[PDB]
């Protein structure tokens, strides 16, 4: 037989892990990255998935699809879909009430249902695992947001089936993260856990009550449109202004310049989580002017101060809904790539009056990690 894997199918980044020999293994992709963008692109000659897809979005914007998780298992007439599509560069069409993404592949106009797009990403995670294990992967546990209704979960399960994956079970992301830290073990008492998940485009706060190995999602809050990308945009707008000072030029109209600057900012942002300053070196940004500059952690923090601080509002709402006080939550676990930001960790820790944060597992790998452990037990591998 082959091992069952756990897959985090995220809105912006996906991740795959496998439990083996009592240890979980987060599998890196072709480019050596431990998570891969949930991007798919269609060109004259091929279909690009993952890094290869994100690595060309500024050149092929209308045929590069992302955010499929926002469409999956949803209707076209949905207000959510109507609002969201106002910001997508690709086309979303109505087909018998179901939304479809319309792209141009090899010269021909083609359309796909959101579950078909997610299955492509699902196939990429599968081959990534297979390349590592050196054996075919069939069984898997895929995760989904706690707020997903039956249709969304059905669609997720379907994306898995068309990818050739035998979905053993669909489990909630916050639950998967708790399992990763072994907070599912029976300690003969009720345990309140807060999952603070700040990813690429989504923010989710979940309070789980665990008793005798049984999870109960007592409350959830967050923001469907708040994540790492919003932090990037603040840096971009900031550098657009700086370019205007130094070179008296407004590069705003140039879509390519902005996207290239955005990519540069996202990378600088990651450096700032471990360093106090980072350089932005972009050759021939606008016309032929090279944009060489830098940002400090201090500046990064003040550019996003309101956004970082607002991150606590949903935490308070979550608490009151669960009818719990700060002192009642026993464990806090950080999830999502953006929780690597020092100011975020300080804010949360300060709010919980100095409580220790569970963060030894890379936050952006926590969900996949939890799903892999779950996949093991459901296959008797553990």
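Numbering follows the first chain given and starts at 1.
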Of 323-331 and 350-358, the stretch with the higher mean C-alpha B-factor in the deposited entry is 323-331
The stretch whose C-alpha atoms carry the larger average B-factor in the entry, 336-344 or 44-52, is 44-52
Based on the PDB entry, the highest CA temperature factor among the options 194, 257, 265, 176 is that of 257
Looking only at 72, 289, 146, 183, the Cα with the top B-factor belongs to 289
Sorting the chain's modelled residues by C-alpha B-factor and splitting them into thirds places residue 84 in the highest
Quick tally, chain-level thirds of C-alpha B-factors: residue 126 sits in the middle
In terms of its chain's C-alpha B-factors, the third that includes residue 115 is the middle
Split the chain's modelled residues into thirds by Cα B-factor; residue 134 lands in the highest
Sorting the chain's modelled residues by C-alpha B-factor and splitting them into thirds places residue 302 in the middle
